[PDB]
Each structure stands twice: as C-alpha cells, then as structure tokens.
**Student:** 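The structure under discussion is supplied below as structure tokens; questions concerning it will follow.
Worth knowing before you read on, the calculation uses all heavy atoms, side chains too, and leaves out hydrogens, waters and symmetry mates. Proteins come first, then strands; the chains are lettered A, B, ... in the order of their sequence lines, and each starts at number 1.
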Amino acid sequence: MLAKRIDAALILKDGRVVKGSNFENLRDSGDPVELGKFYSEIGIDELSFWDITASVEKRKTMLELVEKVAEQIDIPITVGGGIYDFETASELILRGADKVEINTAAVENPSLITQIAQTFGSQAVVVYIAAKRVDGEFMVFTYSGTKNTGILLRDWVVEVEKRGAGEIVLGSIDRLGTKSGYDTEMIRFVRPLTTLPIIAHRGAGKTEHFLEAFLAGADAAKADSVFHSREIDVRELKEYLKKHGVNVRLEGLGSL
Amino acid sequence: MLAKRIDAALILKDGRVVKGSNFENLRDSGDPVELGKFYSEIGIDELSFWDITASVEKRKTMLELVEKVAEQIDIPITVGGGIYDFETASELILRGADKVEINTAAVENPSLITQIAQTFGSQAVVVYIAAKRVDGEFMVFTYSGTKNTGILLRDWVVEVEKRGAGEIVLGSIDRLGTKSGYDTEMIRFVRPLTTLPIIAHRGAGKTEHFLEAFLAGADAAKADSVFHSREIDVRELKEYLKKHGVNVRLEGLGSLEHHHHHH
C-alpha cells in the first residue's frame, strides 16, 4: 500500500448505478458488481458504493449489495450514504465492507466515529467532509451538501482525527459538477491540520488534475462520472502518473 | 426553532462548590473549574456560577475565578450573585463572563437591565424571576424569594423584555427543594407573554421531568443538585430526550472518550 491511491466511486439507487456507464463491452451498464469487478481488473485501487436509495428498502438493498460485492471483488470496498448509527455500520462491516463512510451523523454525533473505531479499528472508519467557501472561511455542510452547520472545516478535521477516524474524504461543494480540477487550495489548507490520509473528491476532468491533487499533498483521489463516461481511462491515468514520478501501483497490473 | 438546551448551575462559596459533587474521577470534586470543565466535556450546553459569598473580600477573588473559568471553558458562561450595579456586572463581563444574571437588583431598578444592555448587547443579560402563587395569583418574590414585591409575574415578564433582557430564567418557589418536576403550569402561563428564551428552574427530579418542561414550551432547562449528586446522568438524559423526538445537541457527548483500551 506504498503509493498514491486511485479510487472509483459509484452512485447507487435501489441497487442500481445512477445514469449508468459508457462501457458497452460489459453485459450490463448499470450493474454495480459487474462495473466494480471491471474497474478492479483494469487498475482501480479502491471502490466507493454511495447509496442514495430512499424507499424503506434502503438497509436491505445495501446489505444484499455488499454480499455479492465481497464475493466477486478483491480490492478494498467502502460503503456510505446515510449510515446513521453503530448498528447499521456493524451489519455492513460484518457483511464484508472493509470500511464504512459516515458524514452527517458523524457531524451531529461524533461519538459515532469512536464507537465504530473501538470495535473495528480506525482503519474501518472513513469520514466524508463536504465543505464550501462561505464568508471567506471553509465551512462544513451536511444532508447532501444542503445544510450549513456553521462548523469550520479546520475545527472539524482535528475533531475527526481526535475521535479515531481512519481517513478523510475532502469533497469540495465548490467543485460539484465541474471539470476544471480538484480543489487544491482546500487540500493544501487541510494538509497541515491532520496526519490522516486525505482523499480528494470533486472537480476532476483530465489526467493532469490528478497530478495536481497529489502535489497539493492528497494521499488519494476519488472520481466517478469522469471514469464511467470514459473521459479518463484508468490505465492511461496511472501510466501518465507513473511517467511523471508519482508512486502509483502498477506491476500488480502487468495485464498488458 | 433552536435545539433545547440543558444548563448546569454551580453554587459557590469562597471559590468552592457548596456540597461538592459525586464525580470521583475528578482530582477535587469540589473545584468549580474542574467540575465546570468536566460538565462541558460530557454533554452540558451552558454553565452558571452562582456566588453566595458574603464578605466582598472575594469580589476581586470571584473575578479571578471567571477569568480562569472563561480561559479554559469552551461553552457559554453565566455568572450571578450579589450583583447590584452596572460596574459589578461589566467587570465580570469584561473578566470573561458571557452572560450576567440579576434578580433583586433588576426589580428594584429595571433600567439596570437597560444599562447592561446598551453596552454588551441584549444576549449578555439574564433576568431570573422567582415567582409563586399568592391568592391564586402568580407573584414575584425578591431577596432569596423571601419578599413578596406586589408585582404580577405577567407584568414583570413583559417589562423585562421591554427593558431589553436577553433571556429569562423562570424559577418556581412553589417547587423549591422538591423533585416532583418543573412547574409546567407556570411555564405555560408565561410562554405567550414573551419572545425571549425561557429557561426553567426548580423541581427537576428525573429525566421525564425535562421532556415535560420542553413540551410546556421552555427553550432550556437548568438544574443543579440532581446532576451533581448524579441522580440524573447528563449523557443518559440527552439520549432519552433524543429518543423521544427532542432536538437536543449531542456534540459534547463522549468527548473524553477514545478508541483504545486501557486496562
């Protein structure tokens, strides 16, 4: 695990990949597990399954989903999107999730971090932090990036490591749906504040953005639509990065 | 509307909490600084430090105490006692107090509310109203609730908001000493009479008493002996209230706890 990480996130509803995928080589462009296996074959280091299901069958779905996933995929799996207490987080990990991601419930009850960590280790705990520039300060947002909590990002980050979280995903609301690049200002702002691994998210549109994120000190880089749309090939992305001195794991590939 | 808040009040003499506390985890369970600090770390939302020292040989000493309290406590601080004029209140606010709590002075000079206010903004002004039933009438008492001032609560409540107070603590003398609940009849009588934060005091004896108070329209609930004695645990109180639909703050829970195992 000595390298920078390249993660692929998948947005799900009722067990389905939202807006699908541009991969016509597969059997099904909306099947989470098939897309997952595929990315794992070609170079993705970790996968994020982010459920926005809301139907009274949410729990059951994500649970059944993690059953098939751990069967067929061998790279670490993370799952998030409305996990609100230890019990829900526990049923997922026991089921096969290597890591559970929390955000809004963590912000409102930070003991939830410690609870999971106490049992499963910090390694099992991912905290997604969605932030936005507001009145000249970086501020924390909950409930799908809808609610301004009033909490400052530099304060939340320190509290997050103190409570025993294992890594932080830094999602810039200021980059939602943009293809101009990762929020490197934010990333460099957050780097001195914590010793945890920092996973960059939102803004990526071309291979150079990734090198930029890593220069700013990100330890990992998540993206979604730009992978599923085929705007950026993952192997090509890793080869580009390797060519320019970034430590990325190839030679676990050699699939050539 | 805001979250409902849980306040802890500490009574002090000569820099010590009168009757101490039952948290044996503390180095000195009678240290108001160590005790206030611990409370901020386990769930309490705001603190109150009430002095009943007599000799003002400790006025300068009380000032040195909110200094060290403000310095190390990261939640809102109310101070109260034998406070009788604008300079006694201002020095405390400037020493580090977030709010100052007045009673008998207020009634005897209502513009004292206004004086404190025109400088430090309304929010720094808490008016404690001690009321009880006289001939089937809510009446205001001063001098430690020992003097019937002749003033109706309903008239006093309203004037306190005109003068410019920041919030109101409603303390039922008809419940003093008892642990059979807040005076929820009294809270419901005052609710439509003002727009300020209403804080309930006197009577709390068990967790369901706090639910009751909030259903009455109180915005906060203050207590003392029942937390200090640990007859009610603050974490368990917050959790019960959340369980039954109350919007309370959970962010202070578990602050002192970690993900390791010390045997």
**Student:** Got A/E101 and A/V79 here, is their nearest side-chain heavy-atom distance under 4.5 Å?
**Tutor:** no
**Student:** Measuring from A/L170:CG to A/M186:CE, what's the distance to the nearest 0.5 Å?
**Tutor:** 5.5 Å
**Student:** Can you tell me if A/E34 uses its side chain to pair, donor with acceptor, with the backbone of A/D28 under 3.5 Å?
**Tutor:** yes
**Student:** Give the intermediate values and the outcome of side-chain contact (heavy atoms from CB on, under 4.5 Å) for residues A/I168 and A/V190.
**Tutor:** CA-CA 10 Å; A/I168 303 165; A/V190 174; 5.7 Å; no
**Student:** Looking only at heavy atoms, which two atoms of B/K99 and B/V126 are closest? And how far apart?
**Tutor:** CB-CG2, 3.8 Å
**Student:** Taking the side chain as C-beta and beyond, is there a heavy-atom pair between A/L153 and A/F189 under 4.5 Å?
**Tutor:** yes
**Student:** More than 12 heavy atoms of other residues, nucleotides or ligands under 6.0 Å from NZ of A/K179: yes or no?
**Tutor:** yes
**Student:** Please check: side-chain N/O of A/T53 versus main-chain N/O of A/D14, any donor-acceptor pairing under 3.5 Å?
**Tutor:** yes
**Student:** Taking all atoms of both residues into account, what is the closest heavy-atom pair of A/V140 and A/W156, and its distance?
**Tutor:** CG2-CB, 3.9 Å
**Student:** Using only atom types and a distance under 3.5 Å, with no angle test, would you say the side chain of A/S90 pairs donor to acceptor with the backbone of A/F86?
**Tutor:** no
**Student:** Under 4.0 Å between a side-chain nitrogen and a carboxylate oxygen: does that hold for B/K238 and B/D45?
**Tutor:** yes
**Student:** Could you walk me through whether A/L63 and A/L92 satisfy the side-chain contact (heavy atoms from CB on, under 4.5 Å) test, starting with their C-alpha distance in whole Å, then the side-chain angles of each, then the deciding distance to 0.1 Å, before giving a yes or no?
**Tutor:** CA-CA 6 Å; A/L63 278 170; A/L92 292 176; 3.7 Å; yes
**Student:** With the threshold set at 4.0 Å, does a side-chain nitrogen-carboxylate oxygen contact exist between A/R133 and A/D183?
**Tutor:** yes
**Student:** Are A/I129 and A/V157 close enough that some pair of their side-chain heavy atoms sits under 4.5 Å apart?
**Tutor:** yes
**Student:** Judged by atom type as modelled, is there a donor-acceptor pair below 3.5 Å linking the side chain of A/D98 to the main-chain atoms of A/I77?
**Tutor:** yes
**Student:** Taking only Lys NZ, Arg NE, NH1 and NH2, and the carboxylate oxygens of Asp or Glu, determine whether B/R5 and B/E46 approach each other closer than 4.0 Å.
**Tutor:** yes
**Student:** Can you tell me how far CD of A/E231 sits from OG of A/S225, rounded to the nearest 0.5 angstrom?
**Tutor:** 6.5 Å
**Student:** Quick one: CG on B/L215 to CD on B/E212, what's the gap to the nearest 0.5 Å?
**Tutor:** 8.0 Å
**Student:** Please say whether more than 12 non-hydrogen atoms of neighbouring residues, nucleotides or ligands are located less than 6.0 Å from NZ in A/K13.
**Tutor:** no
**Student:** Do the side chains of B/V169 and B/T78 get nearer than 4.5 Å, heavy atoms only?
**Tutor:** no
**Student:** Would you say A/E57 has more than 12 foreign heavy atoms packed within less than 6.0 Å of its CD?
**Tutor:** no
**Student:** Does A/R59 come within less than 4.0 Å of A/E91, counting only side-chain N to carboxylate O?
**Tutor:** yes
**Student:** What's the verdict on side-chain contact (heavy atoms from CB on, under 4.5 Å) for A/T119 and A/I93, showing C-alpha distance, side-chain angles and the deciding distance?
**Tutor:** CA-CA 11 Å; A/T119 290; A/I93 303 191; over 6 Å; no
**Student:** For A/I44, is there any backbone N or O sitting under 3.5 Å from a side-chain donor or acceptor partner on A/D7?
**Tutor:** no
**Student:** Please determine if B/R191 and B/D219 form a salt bridge, counting it only when a charged side-chain N lies under 4.0 Å from a carboxylate O.
**Tutor:** yes
**Student:** A/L35 versus A/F23: any side-chain heavy-atom pair under 4.5 Å?
**Tutor:** yes
**Student:** A/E239 and A/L250: which non-hydrogen atoms are nearest, and at how many Å?
**Tutor:** OE1-CD1, 4.0 Å
**Student:** Would B/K242 and A/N109 count as having a side-chain donor-acceptor pair, cut-off 3.5 Å?
**Tutor:** no
**Student:** Any donor and acceptor pair, going by atom type alone, linking the side chain of B/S29 with main-chain N or O of B/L26 inside 3.5 Å?
**Tutor:** no
**Student:** What's the shortest heavy-atom distance between A/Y143 and A/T104, and which atoms?
**Tutor:** N-OG1, 2.9 Å
**Student:** Quick check: do B/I6 and B/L241 have side-chain heavy atoms less than 4.5 Å from each other?
**Tutor:** yes
**Student:** First locate atom CG of A/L112, then atom CG of B/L253, and finally report the distance between them rounded to the nearest 0.5 Å.
**Tutor:** 12.0 Å
**Student:** Sub-3.5 Å donor-acceptor pair from the side chain of A/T149 to the main-chain atoms of A/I151, do we have one?
**Tutor:** yes
**Student:** What are the two closest heavy atoms between B/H258 and B/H262, and how far apart are they?
**Tutor:** CE1-N, 4.4 Å
**Student:** Counting only heavy atoms from other residues, nucleotides and ligands, does the tally under 6.0 Å from CG of B/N25 exceed 12?
**Tutor:** yes
**Student:** Check this for me: does any side-chain nitrogen of one of B/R230 and B/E24 sit under 4.0 Å from a carboxylate oxygen of the other?
**Tutor:** no
**Student:** Flag yes if more than 12 heavy atoms outside B/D74 fall under 6.0 Å of its CG atom; otherwise flag no.
**Tutor:** no
**Student:** Can you confirm whether the side chains of A/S111 and A/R163 place a donor and an acceptor under 3.5 Å from each other?
**Tutor:** yes
**Student:** Quick one, A/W50 and A/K222 - any side-chain contact, counting heavy atoms below 4.5 Å?
**Tutor:** yes
**Student:** For the backbone of B/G181 and the side chain of B/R175, can you confirm whether one donor and one acceptor N or O come within less than 3.5 Å of each other?
**Tutor:** yes
**Student:** Short question: side chain of B/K37, backbone of B/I73 - any donor-acceptor pair under 3.5 Å?
**Tutor:** no
**Student:** Got a second to check how far A/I52's CD1 is from A/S144's OG, nearest 0.5 Å?
**Tutor:** 8.0 Å
**Student:** Please report the interatomic distance CZ(A/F214) to CD1(A/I187), rounded to the nearest 0.5 Å.
**Tutor:** 9.5 Å
**Student:** Could you tell me whether the side chain of B/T207 reaches within less than 4.5 Å of the side chain of B/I232, counting heavy atoms only?
**Tutor:** yes
**Student:** For residues B/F210 and B/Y182, establish whether the separation of their ring centroids is below 6.0 Å.
**Tutor:** yes
**Student:** Give a yes or no on whether the backbone of A/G150 and the side-chain of A/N148 come within a donor-acceptor separation of less than 3.5 Å.
**Tutor:** yes
**Student:** Grab the two heavy atoms, one from B/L10 and one from B/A8, that are nearest each other, plus how far apart they are.
**Tutor:** CD1-O, 3.6 Å
**Student:** Evaluate whether atom CZ of B/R249 has more than 12 neighbouring non-hydrogen atoms of other residues, nucleotides or ligands under 6.0 angstrom away.
**Tutor:** yes
**Student:** Under 3.5 Å, sequence neighbours excluded: what are the donor-acceptor pairs made by side chains of residues 195-206 of chain B?
**Tutor:**
from	atom 1	to	atom 2	distance (Å)
B/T195	OG1	B/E161	OE2	2.5
B/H201	ND1	B/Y128	OH	2.7
B/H201	NE2	B/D224	OD2	2.9

**Student:** Please confirm whether B/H228 and B/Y39 have ring centers closer than 6.0 angstrom.
**Tutor:** yes
**Student:** Would B/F227 and B/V234 count as a side-chain contact (heavy atoms from CB on, under 4.5 Å) if you check the C-alpha gap in whole Å, the side-chain angles of each, and the deciding distance to 0.1 Å?
**Tutor:** CA-CA 7 Å; B/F227 296 148; B/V234 175; 4.1 Å; yes
